[PDB]
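First structure 1, then structure 2: two forms of the same chain, each alone, as C-alpha coordinates.
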Structure 1
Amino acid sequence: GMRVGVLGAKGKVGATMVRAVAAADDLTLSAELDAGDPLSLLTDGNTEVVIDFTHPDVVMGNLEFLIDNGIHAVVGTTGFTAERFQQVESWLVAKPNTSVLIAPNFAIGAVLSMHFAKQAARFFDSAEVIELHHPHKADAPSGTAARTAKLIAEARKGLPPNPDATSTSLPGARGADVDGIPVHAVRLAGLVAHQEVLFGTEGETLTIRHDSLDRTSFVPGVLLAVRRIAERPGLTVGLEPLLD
(Lines of atoms letter the chains of each structure in order from A and count residues from 1; the text may use other names and numbers.)
(Lines give C-alpha, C1' and ligand atoms only; values in the text may rest on other atoms or scores of the structure.)
Protein backbone atom coordinates (compact mmCIF):
# COMPACT_ATOMS: atom_id res chain seq x y z
CA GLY A 1 0.00 0.00 0.00
CA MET A 2 1.28 3.42 -1.04
CA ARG A 3 1.89 6.24 1.43
CA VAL A 4 -0.03 9.32 0.30
CA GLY A 5 0.13 12.84 1.60
CA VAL A 6 -2.30 15.65 0.97
CA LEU A 7 -1.35 19.31 0.66
CA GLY A 8 -4.29 21.61 1.09
CA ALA A 9 -5.91 19.24 3.51
CA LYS A 10 -8.50 21.69 4.92
CA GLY A 11 -9.66 22.99 1.51
CA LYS A 12 -12.81 21.88 -0.35
CA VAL A 13 -10.96 19.41 -2.56
CA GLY A 14 -8.21 18.51 -0.11
CA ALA A 15 -10.59 17.49 2.65
CA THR A 16 -12.45 15.36 0.13
CA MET A 17 -9.22 13.63 -0.92
CA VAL A 18 -8.25 12.98 2.72
CA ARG A 19 -11.49 11.07 3.16
CA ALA A 20 -11.03 9.25 -0.15
CA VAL A 21 -7.51 8.14 0.77
CA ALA A 22 -8.62 6.95 4.22
CA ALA A 23 -11.43 4.92 2.62
CA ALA A 24 -9.18 3.29 0.05
CA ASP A 25 -7.61 0.16 1.52
CA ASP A 26 -4.52 0.20 -0.74
CA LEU A 27 -3.50 3.81 0.17
CA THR A 28 -2.37 4.85 3.60
CA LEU A 29 -2.58 8.51 4.60
CA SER A 30 0.96 9.59 5.61
CA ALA A 31 0.53 13.31 6.28
CA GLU A 32 -2.15 15.88 5.99
CA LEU A 33 -0.88 19.46 5.58
CA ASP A 34 -2.52 22.84 5.26
CA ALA A 35 -1.13 26.37 5.17
CA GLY A 36 1.70 26.94 7.68
CA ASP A 37 2.69 23.26 8.10
CA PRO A 38 6.30 22.53 7.22
CA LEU A 39 6.90 20.30 4.19
CA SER A 40 9.30 18.20 6.19
CA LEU A 41 6.15 16.59 7.62
CA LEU A 42 5.97 14.77 4.27
CA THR A 43 9.47 13.19 4.60
CA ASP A 44 9.10 12.60 8.37
CA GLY A 45 6.09 10.41 7.49
CA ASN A 46 7.75 8.53 4.54
CA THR A 47 5.38 9.87 1.96
CA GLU A 48 5.72 8.38 -1.54
CA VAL A 49 3.06 10.41 -3.34
CA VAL A 50 1.42 13.75 -2.61
CA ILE A 51 -1.88 15.12 -3.89
CA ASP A 52 -1.71 18.89 -4.14
CA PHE A 53 -4.71 21.14 -4.48
CA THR A 54 -3.39 24.35 -2.96
CA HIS A 55 -3.19 27.69 -4.73
CA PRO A 56 -1.16 28.87 -7.80
CA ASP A 57 0.98 31.13 -5.55
CA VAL A 58 2.33 28.30 -3.38
CA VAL A 59 2.40 25.25 -5.70
CA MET A 60 5.81 26.08 -7.27
CA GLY A 61 7.58 26.08 -3.86
CA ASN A 62 5.84 22.91 -2.94
CA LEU A 63 6.85 21.27 -6.17
CA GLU A 64 10.49 22.19 -5.76
CA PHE A 65 10.59 20.49 -2.34
CA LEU A 66 8.72 17.43 -3.58
CA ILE A 67 10.89 16.87 -6.60
CA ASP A 68 14.06 17.49 -4.56
CA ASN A 69 13.03 14.74 -2.07
CA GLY A 70 11.86 12.11 -4.51
CA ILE A 71 8.14 12.51 -3.73
CA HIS A 72 5.83 11.90 -6.68
CA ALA A 73 3.25 14.74 -7.13
CA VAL A 74 -0.31 14.67 -8.44
CA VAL A 75 -1.26 18.28 -8.86
CA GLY A 76 -4.62 19.73 -9.54
CA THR A 77 -3.82 23.31 -8.55
CA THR A 78 -4.31 25.58 -11.57
CA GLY A 79 -2.55 28.73 -12.91
CA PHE A 80 0.14 26.73 -14.78
CA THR A 81 1.94 28.54 -17.67
CA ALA A 82 4.54 27.44 -20.32
CA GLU A 83 7.29 28.97 -18.14
CA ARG A 84 6.13 27.08 -15.07
CA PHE A 85 6.10 23.77 -17.01
CA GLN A 86 9.62 24.51 -18.23
CA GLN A 87 10.78 25.13 -14.71
CA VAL A 88 9.28 21.91 -13.47
CA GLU A 89 10.89 20.06 -16.41
CA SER A 90 14.29 21.51 -15.44
CA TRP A 91 13.96 20.51 -11.76
CA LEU A 92 13.22 16.94 -12.94
CA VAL A 93 16.38 16.69 -15.01
CA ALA A 94 18.21 16.40 -11.67
CA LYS A 95 15.61 13.83 -10.38
CA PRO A 96 14.95 11.46 -13.24
CA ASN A 97 13.08 8.89 -11.01
CA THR A 98 10.51 11.41 -9.80
CA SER A 99 7.09 11.76 -11.50
CA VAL A 100 4.97 14.85 -11.53
CA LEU A 101 1.49 14.96 -13.09
CA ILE A 102 -0.14 18.35 -13.54
CA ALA A 103 -3.73 18.20 -14.78
CA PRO A 104 -6.60 20.66 -15.22
CA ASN A 105 -9.25 17.97 -15.01
CA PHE A 106 -9.37 14.71 -13.09
CA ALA A 107 -12.79 13.49 -14.12
CA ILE A 108 -12.15 10.41 -16.18
CA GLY A 109 -15.15 10.94 -18.36
CA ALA A 110 -14.20 14.51 -19.16
CA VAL A 111 -10.59 13.51 -19.92
CA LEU A 112 -11.66 10.64 -22.24
CA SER A 113 -14.22 12.81 -23.84
CA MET A 114 -11.67 15.47 -24.82
CA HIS A 115 -9.28 12.91 -26.12
CA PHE A 116 -12.02 11.20 -28.25
CA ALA A 117 -12.97 14.53 -29.59
CA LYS A 118 -9.43 15.29 -30.68
CA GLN A 119 -9.05 11.87 -32.33
CA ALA A 120 -12.31 12.09 -34.26
CA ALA A 121 -12.13 15.75 -35.35
CA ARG A 122 -10.25 15.25 -38.63
CA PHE A 123 -12.74 12.78 -40.07
CA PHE A 124 -15.84 14.95 -40.14
CA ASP A 125 -16.98 17.98 -42.10
CA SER A 126 -18.69 19.60 -39.05
CA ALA A 127 -18.01 19.87 -35.29
CA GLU A 128 -19.96 21.76 -32.64
CA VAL A 129 -19.87 21.75 -28.87
CA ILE A 130 -22.92 21.97 -26.54
CA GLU A 131 -22.51 22.37 -22.81
CA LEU A 132 -25.24 22.47 -20.19
CA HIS A 133 -24.90 23.67 -16.61
CA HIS A 134 -27.03 24.71 -13.61
CA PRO A 135 -28.01 28.38 -13.82
CA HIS A 136 -25.74 29.44 -10.87
CA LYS A 137 -22.75 29.16 -13.26
CA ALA A 138 -20.98 32.47 -13.82
CA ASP A 139 -19.01 31.74 -17.02
CA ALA A 140 -20.42 30.91 -20.47
CA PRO A 141 -19.06 28.92 -22.08
CA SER A 142 -17.44 26.72 -19.46
CA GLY A 143 -13.68 26.34 -19.30
CA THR A 144 -13.94 22.64 -20.27
CA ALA A 145 -16.02 23.49 -23.34
CA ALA A 146 -13.68 26.22 -24.56
CA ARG A 147 -10.62 23.93 -24.01
CA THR A 148 -12.45 21.15 -25.93
CA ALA A 149 -13.27 23.42 -28.86
CA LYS A 150 -9.61 24.60 -28.98
CA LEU A 151 -8.40 21.01 -29.22
CA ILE A 152 -10.91 20.18 -31.91
CA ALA A 153 -9.84 23.28 -33.92
CA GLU A 154 -6.15 22.36 -33.58
CA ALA A 155 -6.80 18.78 -34.73
CA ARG A 156 -8.63 20.36 -37.71
CA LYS A 157 -5.73 22.65 -38.89
CA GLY A 158 -5.64 22.55 -42.68
CA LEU A 159 -9.22 21.20 -43.15
CA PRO A 160 -11.97 23.41 -44.58
CA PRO A 161 -14.07 25.36 -42.02
CA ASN A 162 -17.46 24.05 -40.80
CA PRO A 163 -19.84 24.41 -43.71
CA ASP A 164 -22.53 27.00 -42.93
CA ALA A 165 -25.08 28.56 -45.38
CA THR A 166 -26.64 30.79 -42.65
CA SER A 167 -27.61 34.12 -44.36
CA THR A 168 -30.43 35.34 -42.06
CA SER A 169 -30.20 34.92 -38.31
CA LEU A 170 -30.97 36.45 -35.02
CA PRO A 171 -27.65 37.31 -33.40
CA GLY A 172 -26.42 34.65 -30.98
CA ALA A 173 -28.31 31.75 -32.61
CA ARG A 174 -25.16 30.05 -33.87
CA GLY A 175 -23.32 30.01 -30.56
CA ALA A 176 -19.97 31.46 -29.67
CA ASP A 177 -17.02 31.05 -31.98
CA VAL A 178 -14.01 29.36 -30.32
CA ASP A 179 -11.25 29.04 -32.98
CA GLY A 180 -13.89 28.35 -35.72
CA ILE A 181 -15.88 25.87 -33.57
CA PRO A 182 -19.42 26.86 -32.47
CA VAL A 183 -19.97 26.43 -28.71
CA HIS A 184 -23.52 26.62 -27.22
CA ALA A 185 -24.16 27.10 -23.48
CA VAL A 186 -27.43 25.95 -21.97
CA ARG A 187 -28.29 27.19 -18.47
CA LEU A 188 -31.05 25.05 -16.96
CA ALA A 189 -32.27 24.58 -13.43
CA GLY A 190 -31.94 20.94 -12.39
CA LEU A 191 -28.64 20.30 -14.26
CA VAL A 192 -25.14 19.78 -12.86
CA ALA A 193 -22.47 19.68 -15.56
CA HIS A 194 -22.88 18.18 -19.00
CA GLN A 195 -21.09 18.41 -22.35
CA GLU A 196 -21.80 17.02 -25.84
CA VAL A 197 -19.44 17.14 -28.80
CA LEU A 198 -21.18 16.66 -32.11
CA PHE A 199 -19.51 15.58 -35.33
CA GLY A 200 -21.18 15.25 -38.70
CA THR A 201 -20.53 14.27 -42.25
CA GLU A 202 -23.00 13.41 -45.00
CA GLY A 203 -24.76 10.30 -43.91
CA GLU A 204 -23.59 10.04 -40.31
CA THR A 205 -23.04 11.72 -37.01
CA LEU A 206 -21.05 10.91 -33.91
CA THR A 207 -21.72 12.40 -30.46
CA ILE A 208 -19.68 12.09 -27.29
CA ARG A 209 -21.48 13.06 -24.18
CA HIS A 210 -20.12 13.50 -20.65
CA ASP A 211 -22.51 13.94 -17.65
CA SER A 212 -21.30 14.72 -14.21
CA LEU A 213 -24.04 14.20 -11.62
CA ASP A 214 -22.10 15.26 -8.61
CA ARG A 215 -19.33 17.71 -7.65
CA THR A 216 -17.05 14.89 -6.35
CA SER A 217 -16.88 12.92 -9.68
CA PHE A 218 -13.21 13.91 -10.08
CA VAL A 219 -12.14 11.73 -7.06
CA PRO A 220 -11.51 8.47 -8.96
CA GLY A 221 -9.30 10.21 -11.53
CA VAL A 222 -7.14 11.62 -8.68
CA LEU A 223 -6.93 8.17 -7.07
CA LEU A 224 -6.12 6.64 -10.44
CA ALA A 225 -3.36 9.22 -10.91
CA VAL A 226 -2.00 8.45 -7.44
CA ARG A 227 -1.96 4.70 -8.20
CA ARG A 228 -0.23 5.10 -11.57
CA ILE A 229 1.88 8.20 -11.47
CA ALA A 230 5.09 6.21 -10.96
CA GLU A 231 4.58 4.38 -14.33
CA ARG A 232 5.80 7.62 -16.05
CA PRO A 233 9.04 9.26 -14.88
CA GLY A 234 9.27 13.05 -15.37
CA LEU A 235 6.52 15.48 -16.12
CA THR A 236 3.15 14.47 -17.43
CA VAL A 237 0.68 17.21 -18.41
CA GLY A 238 -3.01 16.08 -18.32
CA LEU A 239 -4.41 12.80 -17.06
CA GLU A 240 -4.63 11.26 -20.59
CA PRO A 241 -1.15 9.72 -20.83
CA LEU A 242 -1.75 7.71 -17.60
CA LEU A 243 -4.87 6.32 -19.12
CA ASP A 244 -3.14 5.36 -22.48
Structure 2
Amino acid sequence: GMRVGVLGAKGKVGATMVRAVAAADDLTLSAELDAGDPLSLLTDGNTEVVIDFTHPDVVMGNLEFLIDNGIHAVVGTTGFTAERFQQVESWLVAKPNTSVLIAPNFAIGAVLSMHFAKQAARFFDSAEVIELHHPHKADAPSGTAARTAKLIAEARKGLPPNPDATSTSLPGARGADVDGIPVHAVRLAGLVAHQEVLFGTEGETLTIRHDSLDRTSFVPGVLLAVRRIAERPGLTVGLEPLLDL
Protein backbone atom coordinates (compact mmCIF):
# COMPACT_ATOMS: atom_id res chain seq x y z
CA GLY A 1 0.00 0.00 0.00
CA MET A 2 0.64 3.78 -0.30
CA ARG A 3 3.05 4.61 2.53
CA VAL A 4 1.65 7.17 4.91
CA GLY A 5 3.37 8.94 7.82
CA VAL A 6 1.65 10.93 10.51
CA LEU A 7 3.14 13.98 12.28
CA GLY A 8 1.48 14.72 15.60
CA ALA A 9 0.68 11.00 16.19
CA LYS A 10 0.02 11.45 19.90
CA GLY A 11 -2.30 14.49 19.47
CA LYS A 12 -6.07 14.45 19.65
CA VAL A 13 -6.44 14.35 15.91
CA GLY A 14 -3.20 12.67 14.96
CA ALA A 15 -3.84 9.57 17.09
CA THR A 16 -7.21 9.27 15.37
CA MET A 17 -5.43 9.57 12.05
CA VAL A 18 -2.97 6.80 12.96
CA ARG A 19 -5.88 4.48 13.66
CA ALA A 20 -7.52 5.43 10.41
CA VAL A 21 -4.45 4.85 8.28
CA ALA A 22 -3.67 1.54 10.06
CA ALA A 23 -7.25 0.42 9.47
CA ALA A 24 -7.42 1.37 5.78
CA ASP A 25 -6.68 -1.58 3.49
CA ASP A 26 -4.94 0.48 0.80
CA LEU A 27 -2.68 2.49 3.17
CA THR A 28 0.35 1.37 5.09
CA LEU A 29 1.56 3.25 8.12
CA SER A 30 5.27 4.10 7.55
CA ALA A 31 5.87 6.37 10.62
CA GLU A 32 4.19 7.85 13.63
CA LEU A 33 6.10 10.91 14.93
CA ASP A 34 5.31 13.26 17.76
CA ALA A 35 7.31 16.08 19.43
CA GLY A 36 11.01 15.31 19.62
CA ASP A 37 11.05 12.55 16.93
CA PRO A 38 13.45 13.32 14.13
CA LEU A 39 11.97 13.91 10.72
CA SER A 40 14.44 11.55 9.11
CA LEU A 41 12.29 8.68 10.43
CA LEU A 42 9.99 9.60 7.55
CA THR A 43 12.65 9.24 4.93
CA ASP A 44 14.17 6.13 6.62
CA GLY A 45 10.65 4.60 6.43
CA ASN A 46 10.19 5.36 2.79
CA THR A 47 7.11 7.53 3.44
CA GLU A 48 5.35 8.76 0.30
CA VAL A 49 2.70 10.98 1.93
CA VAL A 50 2.51 12.64 5.37
CA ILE A 51 -0.49 13.72 7.36
CA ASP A 52 0.31 16.72 9.60
CA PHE A 53 -1.73 17.69 12.75
CA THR A 54 0.91 19.42 14.90
CA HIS A 55 1.16 23.06 15.94
CA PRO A 56 1.38 26.45 14.04
CA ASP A 57 4.93 27.03 15.36
CA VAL A 58 6.32 23.81 13.79
CA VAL A 59 4.30 23.12 10.66
CA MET A 60 6.31 25.29 8.25
CA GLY A 61 9.52 23.56 9.37
CA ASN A 62 7.85 20.18 8.73
CA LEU A 63 6.66 21.30 5.36
CA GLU A 64 10.11 22.57 4.37
CA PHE A 65 11.55 19.13 5.15
CA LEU A 66 8.75 17.28 3.39
CA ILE A 67 9.06 19.33 0.27
CA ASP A 68 12.85 19.21 0.11
CA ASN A 69 12.51 15.40 0.39
CA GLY A 70 9.85 15.01 -2.26
CA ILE A 71 7.27 13.81 0.29
CA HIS A 72 3.62 14.70 -0.41
CA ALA A 73 1.80 16.38 2.43
CA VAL A 74 -1.78 16.60 3.60
CA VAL A 75 -1.81 19.23 6.32
CA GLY A 76 -4.56 19.96 8.79
CA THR A 77 -2.46 22.10 11.17
CA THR A 78 -3.73 25.69 11.22
CA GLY A 79 -2.01 29.05 11.50
CA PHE A 80 -1.74 29.60 7.78
CA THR A 81 -1.79 32.95 5.99
CA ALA A 82 -1.29 34.18 2.42
CA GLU A 83 2.43 34.70 3.15
CA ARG A 84 2.85 31.12 4.46
CA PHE A 85 1.06 29.82 1.31
CA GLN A 86 3.38 31.95 -0.91
CA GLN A 87 6.33 30.48 0.95
CA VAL A 88 5.11 26.88 0.47
CA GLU A 89 4.61 27.63 -3.24
CA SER A 90 8.10 29.01 -3.48
CA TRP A 91 9.60 25.85 -1.98
CA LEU A 92 7.53 23.75 -4.46
CA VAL A 93 9.11 25.56 -7.43
CA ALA A 94 12.24 23.44 -6.74
CA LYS A 95 10.22 20.16 -6.39
CA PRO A 96 7.59 20.41 -9.10
CA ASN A 97 6.35 16.79 -8.70
CA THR A 98 5.52 17.15 -5.04
CA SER A 99 1.92 17.75 -4.03
CA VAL A 100 0.89 19.65 -0.87
CA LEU A 101 -2.72 20.14 0.23
CA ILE A 102 -3.40 22.36 3.18
CA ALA A 103 -6.92 22.62 4.60
CA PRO A 104 -8.16 24.27 7.77
CA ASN A 105 -11.10 21.87 7.89
CA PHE A 106 -11.42 18.36 6.58
CA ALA A 107 -15.05 17.83 7.75
CA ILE A 108 -17.55 17.97 4.86
CA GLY A 109 -19.98 20.16 6.75
CA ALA A 110 -17.28 22.82 7.23
CA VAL A 111 -16.28 22.61 3.57
CA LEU A 112 -19.89 23.05 2.51
CA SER A 113 -20.20 25.96 4.94
CA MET A 114 -17.37 27.80 3.24
CA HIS A 115 -18.78 27.12 -0.22
CA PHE A 116 -22.26 28.31 0.90
CA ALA A 117 -20.95 31.47 2.65
CA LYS A 118 -19.20 32.36 -0.61
CA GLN A 119 -22.50 31.97 -2.51
CA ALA A 120 -24.59 33.83 0.05
CA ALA A 121 -22.34 36.79 0.73
CA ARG A 122 -23.45 39.29 -1.91
CA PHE A 123 -27.14 39.08 -0.88
CA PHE A 124 -26.62 40.59 2.60
CA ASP A 125 -25.64 43.95 4.10
CA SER A 126 -23.80 42.35 7.02
CA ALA A 127 -21.56 39.33 7.61
CA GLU A 128 -19.78 37.97 10.65
CA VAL A 129 -18.23 34.75 11.83
CA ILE A 130 -18.33 33.26 15.31
CA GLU A 131 -16.19 30.16 16.00
CA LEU A 132 -16.18 28.09 19.09
CA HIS A 133 -13.58 25.53 20.07
CA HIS A 134 -12.17 23.56 23.00
CA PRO A 135 -9.83 25.64 25.27
CA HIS A 136 -6.57 23.71 24.34
CA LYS A 137 -6.53 25.46 20.94
CA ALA A 138 -3.36 27.44 20.25
CA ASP A 139 -4.73 29.75 17.55
CA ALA A 140 -7.54 32.43 17.47
CA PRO A 141 -9.37 32.91 15.36
CA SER A 142 -9.52 29.43 13.90
CA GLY A 143 -8.19 28.62 10.47
CA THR A 144 -11.67 27.73 9.17
CA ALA A 145 -13.17 31.03 10.37
CA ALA A 146 -10.27 33.09 8.94
CA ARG A 147 -10.60 31.30 5.57
CA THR A 148 -14.40 31.78 5.66
CA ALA A 149 -14.11 35.48 6.29
CA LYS A 150 -11.64 35.91 3.37
CA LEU A 151 -13.99 34.10 1.09
CA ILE A 152 -16.84 36.36 2.13
CA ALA A 153 -14.70 39.46 1.76
CA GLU A 154 -13.61 38.36 -1.72
CA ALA A 155 -17.23 37.70 -2.70
CA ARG A 156 -18.34 41.15 -1.41
CA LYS A 157 -15.62 43.10 -3.31
CA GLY A 158 -17.21 46.31 -4.53
CA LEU A 159 -20.11 46.26 -1.99
CA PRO A 160 -20.33 48.53 1.04
CA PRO A 161 -18.75 47.40 4.29
CA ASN A 162 -20.89 46.05 7.14
CA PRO A 163 -22.91 48.83 8.67
CA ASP A 164 -21.95 49.67 12.22
CA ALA A 165 -22.87 52.67 14.34
CA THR A 166 -20.63 51.64 17.27
CA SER A 167 -19.36 54.85 18.80
CA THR A 168 -18.32 53.65 22.27
CA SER A 169 -16.65 50.25 22.77
CA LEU A 170 -14.61 48.03 25.11
CA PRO A 171 -11.45 46.79 23.31
CA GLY A 172 -11.95 43.51 21.47
CA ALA A 173 -15.73 43.72 21.77
CA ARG A 174 -16.24 43.73 17.94
CA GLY A 175 -13.91 40.77 17.30
CA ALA A 176 -10.92 40.48 15.00
CA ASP A 177 -10.91 42.24 11.65
CA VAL A 178 -10.38 39.72 8.87
CA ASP A 179 -10.68 41.59 5.56
CA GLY A 180 -13.45 43.70 7.04
CA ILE A 181 -15.30 40.67 8.48
CA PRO A 182 -15.67 40.57 12.26
CA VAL A 183 -14.53 37.22 13.56
CA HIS A 184 -15.13 36.12 17.15
CA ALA A 185 -13.44 33.25 19.01
CA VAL A 186 -15.05 31.41 21.94
CA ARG A 187 -12.84 28.99 23.85
CA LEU A 188 -14.95 26.78 26.08
CA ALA A 189 -14.55 23.47 27.95
CA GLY A 190 -16.97 20.83 26.53
CA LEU A 191 -16.49 22.03 22.93
CA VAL A 192 -14.73 20.36 20.04
CA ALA A 193 -14.99 22.43 16.85
CA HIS A 194 -17.78 24.79 15.85
CA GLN A 195 -18.56 27.76 13.60
CA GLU A 196 -21.62 29.96 12.66
CA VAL A 197 -21.49 32.27 9.67
CA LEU A 198 -24.08 34.98 10.03
CA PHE A 199 -25.54 37.10 7.35
CA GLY A 200 -28.10 39.87 7.75
CA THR A 201 -30.22 42.30 5.73
CA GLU A 202 -33.57 44.01 6.31
CA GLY A 203 -35.77 42.04 8.71
CA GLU A 204 -33.84 38.73 8.25
CA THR A 205 -30.73 36.63 8.97
CA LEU A 206 -29.14 33.54 7.61
CA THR A 207 -26.96 31.34 9.76
CA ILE A 208 -24.69 28.62 8.43
CA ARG A 209 -23.50 26.46 11.25
CA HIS A 210 -21.14 23.54 11.51
CA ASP A 211 -20.41 21.29 14.47
CA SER A 212 -17.75 18.58 14.71
CA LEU A 213 -18.74 16.66 17.86
CA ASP A 214 -16.03 14.09 17.34
CA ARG A 215 -12.54 14.18 15.68
CA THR A 216 -13.67 11.18 13.55
CA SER A 217 -15.40 13.83 11.42
CA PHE A 218 -11.96 14.82 10.03
CA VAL A 219 -11.05 11.32 8.84
CA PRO A 220 -12.88 10.91 5.53
CA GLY A 221 -11.68 14.28 4.20
CA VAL A 222 -8.11 13.42 5.12
CA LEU A 223 -8.16 9.91 3.63
CA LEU A 224 -9.70 11.33 0.45
CA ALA A 225 -6.86 13.90 0.21
CA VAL A 226 -4.29 11.26 0.95
CA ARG A 227 -5.60 8.95 -1.80
CA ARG A 228 -5.83 11.80 -4.35
CA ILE A 229 -2.84 13.88 -3.37
CA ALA A 230 -0.74 13.04 -6.54
CA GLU A 231 -3.34 14.31 -9.02
CA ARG A 232 -2.54 17.95 -8.18
CA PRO A 233 1.16 18.71 -8.19
CA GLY A 234 1.90 21.87 -6.32
CA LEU A 235 -0.22 23.44 -3.62
CA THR A 236 -3.94 22.95 -3.15
CA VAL A 237 -5.61 25.02 -0.44
CA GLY A 238 -8.79 23.52 1.00
CA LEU A 239 -10.58 20.30 0.34
CA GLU A 240 -13.13 21.92 -2.06
CA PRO A 241 -11.05 21.34 -5.31
CA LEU A 242 -11.12 17.54 -4.72
CA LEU A 243 -14.94 17.72 -4.57
CA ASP A 244 -17.59 18.19 -7.21
CA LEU A 245 -19.84 21.08 -6.05
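Each residue is numbered by where it sits in the sequence of structure 1, with counting from 1. Shifts are known only where both forms have a C-alpha. Between two forms, the rigid core is the largest collection of C-alphas that superpose within 1.5 Å.
Chemist: If you fit the rigid core between structure 1 and structure 2, which of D26, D68, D57, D177 ends up with a C-alpha shift of 2 Å or more?
Modeler: C-alpha shift of at least 2 Å: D177.
Chemist: Does the distance between the two CA positions of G158 reach 2 Å or more between structure 1 and structure 2, the core being superposed?
Modeler: After core superposition, the displacement of the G158 C-alpha between structure 1 and structure 2 reaches the 2 Å mark, so yes.
Chemist: Honestly, after the rigid core fit, is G200 moving at least 2 Å at Cα between structure 1 and structure 2?
Modeler: Comparing forms between structure 1 and structure 2, the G200 CA shifts at least 2 Å.
Chemist: Hey, does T43 budge by 2 Å or more at the Cα between structure 1 and structure 2 once the core is superposed?
Modeler: Comparing forms between structure 1 and structure 2, the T43 CA shifts below 2 Å.
Chemist: What is the C-alpha shift for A138 between structure 1 and structure 2, rigid core superposed, to one decimal in Å?
Modeler: With the cores aligned, its C-alpha sits 14.2 Å away.
Chemist: If you line up the core, how far does the Cα of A120 move between structure 1 and structure 2, in Å?
Modeler: Reported C-alpha shift between structure 1 and structure 2: 7.2 Å at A120.
Chemist: After superposing on the rigid core, how much does the Cα of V222 shift between structure 1 and structure 2, in Å?
Modeler: Superposing on the rigid core gives a C-alpha shift of 0.3 Å for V222.
Chemist: If I superpose on the rigid core and flag every C-alpha moving 2 Å or more, which consecutive runs of 3+ residues come out between structure 1 and structure 2, in sequence order?
Modeler: Residues 108 to 110, 112 to 215 form the runs that move by 2 Å or more between structure 1 and structure 2.
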